[PDB]
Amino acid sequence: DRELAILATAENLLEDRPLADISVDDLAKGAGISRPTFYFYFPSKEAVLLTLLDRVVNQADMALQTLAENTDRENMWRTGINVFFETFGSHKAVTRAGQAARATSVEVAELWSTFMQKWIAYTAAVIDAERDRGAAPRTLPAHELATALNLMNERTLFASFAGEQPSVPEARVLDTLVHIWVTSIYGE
């Protein structure tokens, strides 16, 4: 209600400047409420970012679950990486501010860490199933391969979304990651 208005204002202002340059008064004004009324819904602007990040992370996670509960192996991995490309790619300002807040908020670091562990455990489970069915060779420990591939995707997606130098162009980043996943999972 007022909560959704605060969250929407925060995501809007984060497209223009960092959390550090946004004040509680900014979030209040944008949401059409007073400062004290803002503090009824959130303890701080930092808690507003944590909620936005939590919604984006849960949206990716729910889309991955939907995929899992339902093509060739290259398209299977592409469809799964694409959940993260589209979800985070649709919320670049929250992605960029959320990643930066990992350095200064234990809650943001622990949220990111919890979901990364889940997504790595899922990637490793799929590699093991591919190994069990005889489609993938038993090369690296599946969990170690999964970890490296998930960290590559974290760094490479986020560098592309932020336009970092260096970065893969956003229009080339899906094909780039899929090639590296498929060759490293199926290759000897």
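When you see a residue number, it is the position in the sequence shown, counting from 1.
The question of which stretch, 3-11 or 177-185, has the higher mean Cα B factor is settled in favour of 3-11. Higher mean CA temperature factor between 133-141 and 156-164: 133-141, per the PDB entry.
Among the modelled residues of its chain, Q99 has a C-alpha B-factor that falls in the middle third according to the deposited record. Among all modelled residues in this chain, the alpha-carbon of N82 has a temperature factor (C-alpha) in the lowest third.
When the modelled residues of the chain are ordered by C-alpha B-factor, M116 sits in the lowest third.
Among the modelled residues of its chain, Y122 has a C-alpha B-factor that falls in the lowest third according to the deposited record.
Ranked by Cα temperature factor within the chain, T147 sits in the lowest third according to the deposited record.
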